[PDB]
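# Coordinate inspection notes
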Amino acid sequence: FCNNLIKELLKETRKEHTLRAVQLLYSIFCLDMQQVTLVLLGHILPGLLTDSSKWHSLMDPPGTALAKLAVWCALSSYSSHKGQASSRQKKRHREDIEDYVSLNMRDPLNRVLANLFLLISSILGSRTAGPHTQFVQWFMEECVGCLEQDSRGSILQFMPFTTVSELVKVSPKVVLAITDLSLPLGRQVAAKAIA
Amino acid sequence: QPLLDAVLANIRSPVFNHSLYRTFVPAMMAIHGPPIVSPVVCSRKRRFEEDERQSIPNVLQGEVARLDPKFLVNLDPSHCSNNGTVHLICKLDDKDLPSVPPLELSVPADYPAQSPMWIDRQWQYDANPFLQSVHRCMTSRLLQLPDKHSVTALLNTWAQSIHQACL
Amino acid sequence: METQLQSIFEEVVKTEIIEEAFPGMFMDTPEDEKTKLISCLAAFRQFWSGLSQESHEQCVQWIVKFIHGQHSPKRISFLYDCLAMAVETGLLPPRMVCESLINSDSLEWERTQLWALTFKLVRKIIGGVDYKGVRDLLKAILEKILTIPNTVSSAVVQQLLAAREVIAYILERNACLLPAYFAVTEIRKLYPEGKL
Amino acid sequence: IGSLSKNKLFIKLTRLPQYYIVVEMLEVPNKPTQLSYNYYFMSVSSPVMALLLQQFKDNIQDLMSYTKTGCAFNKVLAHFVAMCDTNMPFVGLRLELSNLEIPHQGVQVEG
């Protein structure tokens, strides 16, 4: 469903139409927010970033809408949501571990978001970036938003700090994102953002 | 002189080159009959693993690591971590006055690279007249370098200019 | 003789000397920012006043060819300073140098440093007082950018981005610099009613 | 250009690649002696007419004597006729290595 949707999406070739498209699409994704957003964050983003065949699509200005789409659905999912419908509660019993290798809880949405962010940081690596550098740029840009609470950024041995350090080479945007709770961990990224 | 055999032997150019066997290997087997040509253990293994995974071709690091202890080379935030991997920060430590480190961002190993770009040129150089003269002598000597070589020529010329600063 | 002029310019600019093995301090102390640049400018202006004013298109082509025949980014920048000074002196109007430089020496993603310095020159000369006949150079620039591949690299991004900076400056000053309609129509080589 | 001068040469580097004509700055101001021993280097051979510029420390080499840590001043002169004896060969090698790859010349191992 979402695959064919995003496939039909990249045809406008004009920012306004793509904007209206993603605007209507965020709404059409309602009534199934949890599972739809899970499947999206799990497949549709790696489905283009992991390989080069689908990289061709990511170069489009629709890519900015796709980034906006991703951050919007992530924010909506992380936010409080009951979503209890008859045709949904009667069909909300499956099994999935997501095989999310770890090399503040155990929740499918949170784990999928962590895996997604890890893959973002990995794609942010060097030695190849034609289309996806702009993708992660737009992602980080649209992620910046007031009244938001996503991008928790665990601070044990994780990428987000090095990720922000690298994104600084593409000024104070990440200087605000990484500042989770003014913890001593944030002192490092603050010093790096001092420049 | 005995070239009659040459062209007629060269006649057998096309793909069906098997009859040569029936022409030579019996007579060969008369004189040379060796079963022991390569009986030792032998097997073809094309590749096992091949990648740098740490930096550019080794030659640059291998050569720069051989420099004097008077120079102190390090790396800035990795904005070209894999392909470029060249933006050096150096600290002259000797019997001379210290100064600002250079940029030193090079190109592929062909080395048509005047690597330093002086990212902090303006404000760091407008500070004092002495270091301004140092910079002037630096750029004047760099212009004199014909096809400069980032590996050694850059740091050597910079050290020479820093040692020329004492007038 | 254009070759004689090139050799004279080389002698005036190239000053190759001994290996400087013997350490000598007081040998060469010229003010390159005000003395050598002005001397080169004066010599080139005398040669310009000599002859071939209108026909100086092929002459400037020869000049830029000789400039890009080198391999020292520092030397290229030093030469570019003299070109800028000549612009302020009035010689080499922006149209000529812009139309010549963009072709035959772009070296697409070949010499990153050269690419960057050339586009820095374009950004500097972006003033370029010119009539409605200015869209041609924009079209040629975009055409030269389009030849760039899709996955060239990840390290050299900022240096190549200078082209994007020039385009941004142009299309943003278009609010006050050049006609918008012409800028839009120049995208015909890339915009057939929308083709990614 | 100058006046009555002297000249020295060498063999150890090559037969006669570059001579060395030198002359003291005669007629010192208010001094019957101490002609300050001016120095100038040349690089003619086929006698070339390229620049000479006195590429070495001419004539601040005197201040190089004061750069030491401690009856005749001859100590300076030999230096010149010494340094060429080991300097001019190496650059020639550069011209030979200027054809294969990496002509990184003039490097000094640890001083």
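By the method listed in its record, cryo-EM, this PDB entry was determined to a resolution of 4.83 Å.

### A few points about the overall build of chain D
For chain D, the helix and strand inventory stands at two helices and two strands. Ordered by position in the sequence, the α and β elements of chain D form the string β-β-α-α. With respect to the three principal axes, the spread of C-alpha positions in chain D is 55 × 40 × 25 Å.

### What about helix α2 (residues 32–50) of chain C?
When the terminal C-alpha atoms of α2 of chain C are compared, their 25 Å separation across 19 residues agrees well with the 27 Å that a helix rising 1.5 Å per residue should span. Looking at the residues trailing α2 of chain C, positive phi occurs at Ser52 of chain C, about 60 degrees.

### Remarks on the pattern of salt bridges
Here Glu50 of chain B ties to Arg47 of chain B by a salt bridge, and the two come within 2.6 Å at their closest N and O atoms. For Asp136 of chain C, the salt bridge is made with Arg95 of chain C, and the minimal N-O distance between the two is 3.3 Å. One end of the pair, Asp136 of chain C, is in helix α7 (residues 135–146); the other, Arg95 of chain C, is in helix α5 (residues 94–101), and 41 residues separate them in sequence.

### Brief notes about the packing of aromatic side chains
A ring pair is formed by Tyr20 of chain D and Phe56 of chain D, whose centres lie 6.2 Å apart and whose planes are at 45 degrees; its orientation type is tilted. Through a chain of ring-to-ring contacts, three or more aromatic side chains come together here, namely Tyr20, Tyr39, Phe41, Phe56 and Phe80 of chain D. Between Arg123 of chain C and the ring centre of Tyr169 of chain C, over which it is positioned, the NZ or CZ distance is 3.5 Å.

### Quick word on the packing of helix α6 (residues 62–78) of chain A against helix α9 (residues 132–143) of chain A
Residues and elements named next belong to chain A. Remark: α6 packs on α9, axes separated minimally by 9 Å, with the N-to-C direction vectors making an angle of 45 degrees. The angle between α6 and α9 falls in the class oblique. At the point where α6 passes α9, the crossing takes the right-handed sense. Contact residues: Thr64, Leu66, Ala67, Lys68, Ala70 and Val71 in α6; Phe135, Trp138, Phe139, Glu142 and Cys143 in α9. Of the residues that constitute the contact of α6 with α9, the class distribution is eight nonpolar, one polar and two charged.

### Some details on the arrangement of the chains
The highest contact count of any of the five pairs of chains in contact belongs to chains B and C. Contact between chain A and chain D is absent, and the minimum C-alpha spacing across the pair is 26 Å.

So, how was this worked out
- Positions along each chain are numbered from 1 by the written sequence. They may not match the entry numbering, and residues without coordinates are not shown.
- Here the convention is simple: chains get letters from A, ligands get numbers from 1, in the order in which they are written.
- The assembly from which these chains come is larger than what is shown, and the figures reported cover only the shown chains.
- Heavy atoms from the whole structure form the basis of all side-chain values; hydrogens and water molecules are not counted.
- Residues with missing side-chain atoms are left out of burial classes, side-chain pairs and their counts.
- Helix and strand definitions here come from DSSP, where helices need a minimum of 4 consecutive H or I residues and strands a minimum of 2 consecutive E residues; each element is numbered from the N-terminal end.
- What a helix should span is 1.5 Å times the count of its residues minus one.
- By definition here, a salt bridge exists when the distance from a side-chain nitrogen of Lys or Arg to a carboxyl oxygen of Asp or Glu is within 4 Å.
- Any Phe, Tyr or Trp ring, taking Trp's six-membered ring, that has another such ring centre within 6.5 Å forms a pair; planes under 30 degrees apart are called stacked, those over 60 apart edge-to-face, and the others tilted.
- By the criterion adopted, a ring carries a charge over it if an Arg CZ or a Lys NZ lies within 6 Å of its centre and within 35 degrees of its normal.
- Axes, fitted as lines to C-alpha atoms, cover a helix only where it is in contact. Angles between the N-to-C directions of the axes lie from 0 to 180 degrees.
- Every angle not falling under 35 degrees, over 145, or within 65 to 115 is termed oblique; those three ranges are roughly parallel, roughly antiparallel and roughly perpendicular.
- By definition, turning the near helix anticlockwise from the far helix through less than a right angle yields a left-handed crossing, and turning it clockwise yields a right-handed one.
- By definition in these notes, contact holds between two residues if any of their heavy atoms fall within 4.5 Å.
- Any residue that is not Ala, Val, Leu, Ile, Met, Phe, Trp, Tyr, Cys, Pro, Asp, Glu, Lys or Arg is counted as polar, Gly included; the first ten are nonpolar and the last four charged.

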